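S.K.:
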Amino acid sequence: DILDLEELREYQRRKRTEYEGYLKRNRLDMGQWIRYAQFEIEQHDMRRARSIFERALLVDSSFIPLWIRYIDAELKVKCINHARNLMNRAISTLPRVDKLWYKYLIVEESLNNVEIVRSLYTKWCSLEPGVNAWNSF
Amino acid sequence: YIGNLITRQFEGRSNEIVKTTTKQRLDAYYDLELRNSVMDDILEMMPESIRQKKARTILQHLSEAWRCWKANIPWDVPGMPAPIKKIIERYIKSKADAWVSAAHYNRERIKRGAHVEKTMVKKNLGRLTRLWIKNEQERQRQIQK
Amino acid sequence: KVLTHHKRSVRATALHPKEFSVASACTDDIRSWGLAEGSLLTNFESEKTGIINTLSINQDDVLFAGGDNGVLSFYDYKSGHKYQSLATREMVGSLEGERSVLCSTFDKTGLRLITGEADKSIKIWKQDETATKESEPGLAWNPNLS
Amino acid sequence: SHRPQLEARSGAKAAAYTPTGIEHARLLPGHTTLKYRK
Amino acid sequence: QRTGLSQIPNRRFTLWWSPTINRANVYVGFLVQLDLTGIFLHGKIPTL
Amino acid sequence: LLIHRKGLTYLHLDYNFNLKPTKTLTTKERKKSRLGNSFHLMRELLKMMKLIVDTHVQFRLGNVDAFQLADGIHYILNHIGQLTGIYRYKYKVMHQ
Amino acid sequence: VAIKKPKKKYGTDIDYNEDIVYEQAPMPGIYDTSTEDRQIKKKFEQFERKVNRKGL
Amino acid sequence: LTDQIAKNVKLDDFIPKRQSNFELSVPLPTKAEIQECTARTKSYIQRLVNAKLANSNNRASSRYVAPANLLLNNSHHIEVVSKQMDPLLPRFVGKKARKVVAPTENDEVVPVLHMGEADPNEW
Amino acid sequence: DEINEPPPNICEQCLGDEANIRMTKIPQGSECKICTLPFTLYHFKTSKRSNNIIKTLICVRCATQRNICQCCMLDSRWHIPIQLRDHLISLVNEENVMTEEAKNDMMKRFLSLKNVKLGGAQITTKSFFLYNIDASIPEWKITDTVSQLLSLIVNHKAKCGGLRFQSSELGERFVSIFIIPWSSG
Amino acid sequence: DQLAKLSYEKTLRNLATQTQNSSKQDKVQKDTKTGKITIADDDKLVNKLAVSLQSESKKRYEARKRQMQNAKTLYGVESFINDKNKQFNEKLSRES
RNA sequence: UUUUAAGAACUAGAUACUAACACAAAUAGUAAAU
RNA sequence: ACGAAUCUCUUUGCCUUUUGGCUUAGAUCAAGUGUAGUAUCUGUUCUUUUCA
Ligand SMILES: [Mg+2]
Ligand SMILES: [Zn+2]
Ligand SMILES: [Zn+2]
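Shown next, in the form of structure tokens:
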């Protein structure tokens, strides 16, 4: 397959033209947005990946799996702070979803950082959430 | 007339250009909005979110139900939530009366012979014969019961 | 301002003809909202009777809401208390699905109700004067945890 | 490639565009005049 | 293609009465000589 | 100018405002070259003016005579249903 | 000899490789990433700079 | 920081304000108010309409209807003088019909704040 | 309306020093040389009697994001090209700040709208063979120096200064990083 | 909901074995300049995090893949033109 | 650390698809016929 | 003893490449020949290990 810069180049251009055709006709079909982001990571170019996710949110934000994978896409490259700000935008966009709060917790427990998880459960309780929040706190 | 011709030679034609419903492209429209206006209701009887595949596939049930109604097939889907089935029956009754009603109106346009188009005739014979047979089988069944 | 609460499509609204606020239905839960601030104001006690096709407010603070299950549901406006329900006798030869309610409005006096129904007919509802308390009362006010 | 649509076109997509300036017929002035009720 | 066949029998006629069908007392028609001939036609009669 | 600016260079206006293709047309080049009821209507209209103004141009040259002038342009205004073909574009004009 | 970019179709046609398609700044936010970006750039220049020689 | 973290959402916006007291009062808004909002709107529309009429090409649709630069501090004064066209040439030399896509760009979020056992039988 | 409403953005230098000026207004003028969309174009001559007429080449949306005079296309505040000012500003700090702009067509058109500003803005013969030739020094500098104390062919590949002159009078006057030889046959 | 909880528990206990296993085998700063906040963290535990994620992706990916193998090899009843007949048709078997 | 194709030669036609190529000489994608 | 982690298998759950529109079922349904191009359907006979 690939030889040098120039071949890699053509191999990219072709893919991007193809996909974004297929996204051009379906704004929806989230899976497509995901896969295209995934390819974008495998090219070791993040900036584009960030965007591609963001666009994918501007279409639909209620679709959590995209939130999640746009987290893990930030973590698996071992860049955290992005995966924090993203979390503030996440739970703030959707407080009623547990999966976001729990995932942001685990992100702060595997980092051992407590001060957070204290103030964190302080919020996630302050909204009078439900039985499982208190129980887990 | 020319004023336009030359603003189009400079400024190019317009990109959006909506268009309008009209004589020819009518049914497609009527259909298209019908389908959409099922998909609201059936999207709101379902508990939460699950949509895309469930949706499309339910519409396929729509068409199938219609073209049953034509052929006079009684159409019972083996197992499927009652309310949904209610919705489909509701609409397909609605479309039904659109159809039969238009069949009368047009036939009584032809009998006068007042500017009915060509195919409109052939079609309307279709819609008739269908209706006539349904009357037939009805009349027999009640002759049993 | 956006008011995001409702859970799925928001299918109907109406304007209080006095109070300057707007009832917004939803599928199964019918809130009100204040203008100017875009407050919340109230939350009408409604189990899932929905799908709510329509709302109609009134001069006396009655509220109407039409179901597609074929049930008229009237409320007080101030409260949330639902003080009457009605199965709308569908029709002669109809199909049980064809009982539903596709619109509503109140005449300018506030005392007469007009609705259309998927069974090809209009019905007009009247406000029965006997009432008072005599044996009037409705469902009797046990506000619950929403 | 015959497919049931799943969508409709946002008017916004249009709204961003620059105009044209073609002149239709049905836009030519008619009934320039309102009427008020007592 | 079959539709095409029908026409061939048909034209003969419109030639066998050419000189009425094309004629110079015609009410309105824009006069054109044919290309390299000396015939004038009054208005378009495509078949002929 | 309008024509050559639509990149139709194989159509010719002669001096009498007939519009003729010079080169048997590839079908695409037909479709690209159908012209509007405008452009045609207007060409015809110019034709009429050219016709009249010509007859005068002649008489000034001294080649006719004032009676044959008057009769000429009479003949024109009556036989427009022939000399031009404007009735193809507005068919209404079949009142006049 | 450099490779062709396959022409254009509609005059505004996009060449996706050249520039970020429609560029969404992820956001601002509170946690000040800003340093992570240097490890990024270092890894991207690093990656591309590799492939030129070793050939993937 | 407790405020910094979840900053936007806050519980007072779930909580209905006529639960406490019925009779909480909401005034429909006066008179010499609606005759204001009516004013500033109506004017704004007349400016719109009068533009779009006086754009286009019915020379007779127009019948249906400043120094303005202090630049820098005005330093050099100025006058801003329209230049009469050549009425044959196109008006709006730059106008055209093109197509754009716009960034839908916003700063702020809109917390969407709402409230699989027996049901999958049904549905 | 609003097209007018962000007003011109203009240098107070290049604008020219007269007391009173008149400038035209043309509501749909050129498109930007940048975003490729229309706007209001403003002529004027600097001074009244001039032959040459300033025009304005860009939006006020586009000349804001980068913060520059629509005529000049220098910075507003510093009278300096973008690719300079944000380069200095790159240097102190250390590395950042350049403005990646817009190939394709509706990439740039699109990118015009969003309001983010941009890095720069963010803040604001006798053959004479003479050798030893320095890498960075031009010919203009060489014969510059010669005419400055009182005609050439250099090869910078081989760092060999080839040289010729009009009259050997300039031989004496020449002589009366330099390898001398007075070389001719 | 409940699933998200359960998963939270599972990775709790797993995290516990990470920390403890690391015992067995053996602040917050603000900028008055800008409202950006700055936390200080080990390059450790970020790598354990990322690696853990990667390995999860792996093992799940592989469960699904082996499931491809097994599932597509086994059932041989219904007619199949192609792969998707086998797929979909096994959905119709899932029905009843 | 991967890996086994039964190997080679001979032979005929039979069902198909097709081709603005060939039986006073000519037909095409709005319409077709006792 | 029990608890936990890891590998492997089974079952449930999740559905993983898991039917995308409308009109008179949208309409019609076999009448050839010569040569030529390509597709591919049978049989016959001999023979089953390795290194420089
Ligand atoms: Mg066709
Ligand atoms: Zn611009
Ligand atoms: Zn300037």
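These protein sequence lines map, in sequence, to chains A, B, C, D, E, F, G, H, I and J.
Numbering-wise (the entry's author numbering), the first sequence opens with residue 36 and increments by one.
Numbering-wise (the entry's author numbering), the second sequence opens with residue 725 and increments by one.
Numbering-wise (the entry's author numbering), the third sequence opens with residue 302 and increments by one.
Numbering-wise (the entry's author numbering), the fourth sequence opens with residue 4 and increments by one.
Numbering-wise (the entry's author numbering), the fifth sequence opens with residue 1594 and increments by one.
Numbering-wise (the entry's author numbering), the sixth sequence opens with residue 581 and increments by one.
Numbering-wise (the entry's author numbering), the seventh sequence opens with residue 198 and increments by one.
For the eighth sequence, the residue numbers in the entry's author numbering are 30 to 94, 100 to 149, 156 to 163.
For the ninth sequence, the residue numbers in the entry's author numbering are 3 to 126, 202 to 227, 239 to 264, 288 to 296.
For the tenth sequence, the residue numbers in the entry's author numbering are 98 to 123, 142 to 211.
Think of the CB as a built atom: it goes at the ideal place given N, C-alpha and C, for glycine as much as any other residue.
Can you tell me the Cα-Cα spacing of residue 190(G) and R119(A), whole angstroms?
M.R.: Because chain G in this structure spans residues 198 to 253, residue 190(G) falls outside the shown range and cannot be described.
S.K.: Listed from N- to C-terminal order along the chain, which residues in the segment 143 to 158 of chain J have their beta-carbon within a distance smaller than 9 Å of any beta-carbon of chain G?
M.R.: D146, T149, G150, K151, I152, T153 and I154
S.K.: What residues match up with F1633(E) in a beta bridge as DSSP calls it?
M.R.: Your numbering for residue 1633(E) matches position 40 in the fifth sequence. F1633(E) pairs with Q1626(E).
S.K.: Taking Cβ to Cβ, would you say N344(C) is nearer than 8 Å to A313(C)?
M.R.: For the purposes of this step, residue 344(C) is taken as residue 43 along the third sequence, with counting starting at 1. For the purposes of this step, residue 313(C) is taken as residue 12 along the third sequence, with counting starting at 1. Against a cut-off of 8 Å, the Cβ pair of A313(C) and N344(C) comes out as no contact.
S.K.: Establish whether the CB of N162(J) and some CB of chain A are separated by less than 8 Å.
M.R.: In the tenth sequence, the residue the question calls residue 162(J) occupies position 47. It does; some Cβ of chain A falls within 8 Å.
S.K.: Residue 452(C) and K810(B) look like a contact to me (Cβ under 8 Å); what is the Cβ gap, rounded to whole Å?
M.R.: Residue 452(C) is absent from the model: chain C starts at 302 and stops at 447.
S.K.: Quick test of your reading: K201(J) and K187(J), contact by CB under 8 Å. State the CB separation rounded to the nearest angstrom.
M.R.: Locating residue 201(J) in the tenth sequence gives position 86, counting from the first residue. Locating residue 187(J) in the tenth sequence gives position 72, counting from the first residue. Rounded, the Cβ-Cβ distance is 7 Å, consistent with contact.
S.K.: Helix, strand or coil for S333(C)? Go by DSSP, reduced to three states.
M.R.: Residue mapping note: residue 333(C) aligns to position 32 of the third sequence, counting from 1. The answer is strand: DSSP assigns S333(C) an E or B state.
S.K.: Which value, in whole angstroms, describes the spacing of the CA atoms of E338(C) and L304(C)?
M.R.: Here residue 338(C) corresponds to residue number 37 of the third sequence, with the count starting at 1. Here residue 304(C) corresponds to residue number 3 of the third sequence, with the count starting at 1. Between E338(C) and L304(C), the C-alpha separation is close to 11 Å.
S.K.: Since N117(I) and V62(I) should fall inside the 8 Å C-beta cutoff, what is the C-beta to C-beta distance between them, to a whole number of angstroms?
M.R.: For the purposes of this step, residue 117(I) is identified with residue 115 of the ninth sequence, where counting begins at 1. For the purposes of this step, residue 62(I) is identified with residue 60 of the ninth sequence, where counting begins at 1. About 13 Å; that fails the 8 Å criterion.
S.K.: Throw me the rounded Cβ distance for the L258(I) and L207(I) pair, which I believe falls under 8 Å.
M.R.: Position 170 of the ninth sequence, counted from the first residue, corresponds to residue 258(I). Position 130 of the ninth sequence, counted from the first residue, corresponds to residue 207(I). That pair is no contact at about 14 Å.
S.K.: Look up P601(F) in the DSSP assignment and say whether it is helix, strand or coil.
M.R.: If you number the sixth sequence from 1, residue 601(F) lands on position 21. Of the three classes helix, strand and coil, the one that applies to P601(F) here is strand, per DSSP.
S.K.: I'd like to know if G335(C) contacts chain H, where contact means its C-beta is closer than 8 Å to some C-beta of that chain.
M.R.: Here residue 335(C) refers to the residue found at position 34 when the third sequence is read from its first residue. It does: the Cβ of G335(C) has a partner Cβ on chain H nearer than 8 Å.
S.K.: Starting from the N-terminal end, write out each residue whose C-beta falls within a distance shorter than 6 Å of any non-hydrogen atom of ligand 2.
M.R.: After applying the 6 Å Cβ criterion, the set is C34(I), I36(I), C37(I), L39(I), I60(I), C61(I), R63(I), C64(I) and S114(I).
S.K.: Mind checking which residues open and close the beta strand (DSSP E) that includes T153(J)?
M.R.: Within the tenth sequence, numbered from 1, the residue matching residue 153(J) stands at position 38. It spans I152 to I154 - the beta strand (DSSP E) in which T153(J) sits, taken as one unbroken run.
S.K.: Please list, in chain order, the chain A residues whose beta carbon lies closer than 7 Å to that of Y228(G).
M.R.: Walking along the seventh sequence from the start, residue 228(G) turns up at place 31. Residues of chain A whose Cβ lies closer than 7 Å to the Cβ of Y228(G) are, in chain order, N116, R119 and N120.
S.K.: What number of angstroms, rounded off, separates the C-alpha of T108(J) from the C-alpha of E157(H)?
M.R.: Residue 108(J) sits at position 11 when you count from the first residue of the tenth sequence. Residue 157(H) sits at position 117 when you count from the first residue of the eighth sequence. Whole-angstrom Cα-Cα distance: 24 Å.
S.K.: Residues in its own chain within less than 6 Å of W80(I) by CB, not counting five upstream and five downstream?
M.R.: What you label residue 80(I) is simply residue 78 of the ninth sequence in a count that begins at 1. Answer for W80(I): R87, listed in chain order.
S.K.: Just to confirm my understanding: we take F195(J), look at its own chain, exclude 5 residues before and 5 after, and list those with CB closer than 6 Å. What are they?
M.R.: Position 80 of the tenth sequence, counting from 1, holds the residue named residue 195(J). Excluding positions up to five away in sequence, the list reads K201.
S.K.: Which of the three DSSP states is assigned to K38(D) in this structure?
M.R.: Indexing the fourth sequence from 1 puts residue 38(D) at position 35. The answer is coil: DSSP assigns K38(D) none of H, G, I, E or B.
S.K.: Leaving aside the five residues before and after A65(I) along the sequence, list all residues of the same chain whose C-beta is less than 6 Å from its C-beta, in chain order.
M.R.: The sequence position of residue 65(I) within the ninth sequence is 63, counting from 1. In chain order, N11 and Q72 place their CB closer than 6 Å to the CB of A65(I), counting only its own chain and leaving out the 5 sequence neighbours on each side.
S.K.: Between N116(A) and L160(J), is the Cβ-Cβ spacing less than 8 Å?
M.R.: For the purposes of this step, residue 116(A) is taken as the residue at position 81 of the first sequence. For the purposes of this step, residue 160(J) is taken as the residue at position 45 of the tenth sequence. No, Cβ-Cβ distance for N116(A) and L160(J) is not below 8 Å.
S.K.: How many angstroms separate the CA atom of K847(B) from the CA atom of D377(C)?
M.R.: Position 123 of the second sequence, counted from the first residue, corresponds to residue 847(B). Position 76 of the third sequence, counted from the first residue, corresponds to residue 377(C). The alpha-carbon atoms of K847(B) and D377(C) are separated by roughly 54 Å.
S.K.: Can you tell me where the beta strand (DSSP E) with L356(C) in it begins and where it stops?
M.R.: Taking the first residue of the third sequence as position 1, residue 356(C) is located at position 55. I353 to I358 is the extent of the beta strand (DSSP E) around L356(C).
S.K.: Tell me whether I12(I), by its Cβ, gets closer than 7 Å to a heavy atom of ligand 3.
M.R.: On the ninth sequence, residue 12(I) is found 10 positions in, with the first residue counted as 1. Checking every heavy atom of ligand 3 against the Cβ of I12(I), one is found closer than 7 Å.
S.K.: If you draw a straight line from the C-alpha of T220(I) to the C-alpha of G296(I), how long is it?
M.R.: For the purposes of this step, residue 220(I) is identified with residue 143 of the ninth sequence, where counting begins at 1. For the purposes of this step, residue 296(I) is identified with residue 185 of the ninth sequence, where counting begins at 1. Rounded to whole angstroms, the separation of the alpha carbons of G296(I) and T220(I) is 24 Å.
S.K.: Could you tell me which residues DSSP puts in a beta bridge with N243(I)?
M.R.: Locating residue 243(I) in the ninth sequence gives position 155, where the first residue counts as 1. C248(I), per the DSSP bridge assignment.
S.K.: Which chain H residues are close to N739(B), counting only those with a beta carbon under 7 Å from its beta carbon?
M.R.: The sequence position of residue 739(B) within the second sequence is 15, counting from 1. Simply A131 and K133.
S.K.: Thinking just about the alpha-carbon of each residue, which of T1630(E), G1631(E) and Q1626(E) is nearest to the one in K1637(E)?
M.R.: Locating residue 1637(E) in the fifth sequence gives position 44, where the first residue counts as 1. The option with the nearest alpha carbon to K1637(E) is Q1626(E).
S.K.: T157(A) touches chain H at which residues, Cβ-Cβ below 8 Å?
M.R.: Locating residue 157(A) in the first sequence gives position 122, counting from the first residue. The contacting residues are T31.
S.K.: Taking Cβ positions, are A795(B) and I812(B) nearer each other than 8 Å?
M.R.: Indexing the second sequence from 1 puts residue 795(B) at position 71. Indexing the second sequence from 1 puts residue 812(B) at position 88. No, the Cβ-Cβ distance between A795(B) and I812(B) is not below 8 Å.
S.K.: Kindly give me the distance between the Cβ atoms of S347(C) and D361(C), rounded to whole angstroms, as I take these residues to be in contact under 8 Å.
M.R.: Within the third sequence, the letter at position 46 stands for residue 347(C). Within the third sequence, the letter at position 60 stands for residue 361(C). Going by Cβ atoms, the distance from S347(C) to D361(C) rounds to 20 Å, so no, they are not a contact pair.
S.K.: Can you give me, in chain order, the residues of the segment 602 to 613 of chain F that have a beta carbon less than 7 Å from any beta carbon in chain E?
M.R.: If the cut-off is 7 Å between Cβ atoms, the segment 602 to 613 of chain F has nothing near chain E.
S.K.: Nearer than 7 Å: is that true of the beta carbon of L121(A) relative to any heavy atom of ligand 3?
M.R.: Start at 1 with the first residue of the first sequence, and residue 121(A) comes out as number 86. No, since every heavy atom of ligand 3 falls outside the 7 Å radius drawn around the Cβ of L121(A).
S.K.: Which one or two residues does DSSP pair with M25(I) in a beta bridge?
M.R.: Taking the first residue of the ninth sequence as position 1, residue 25(I) is located at position 23. DSSP output for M25(I) lists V114(H) as bridge partner(s).
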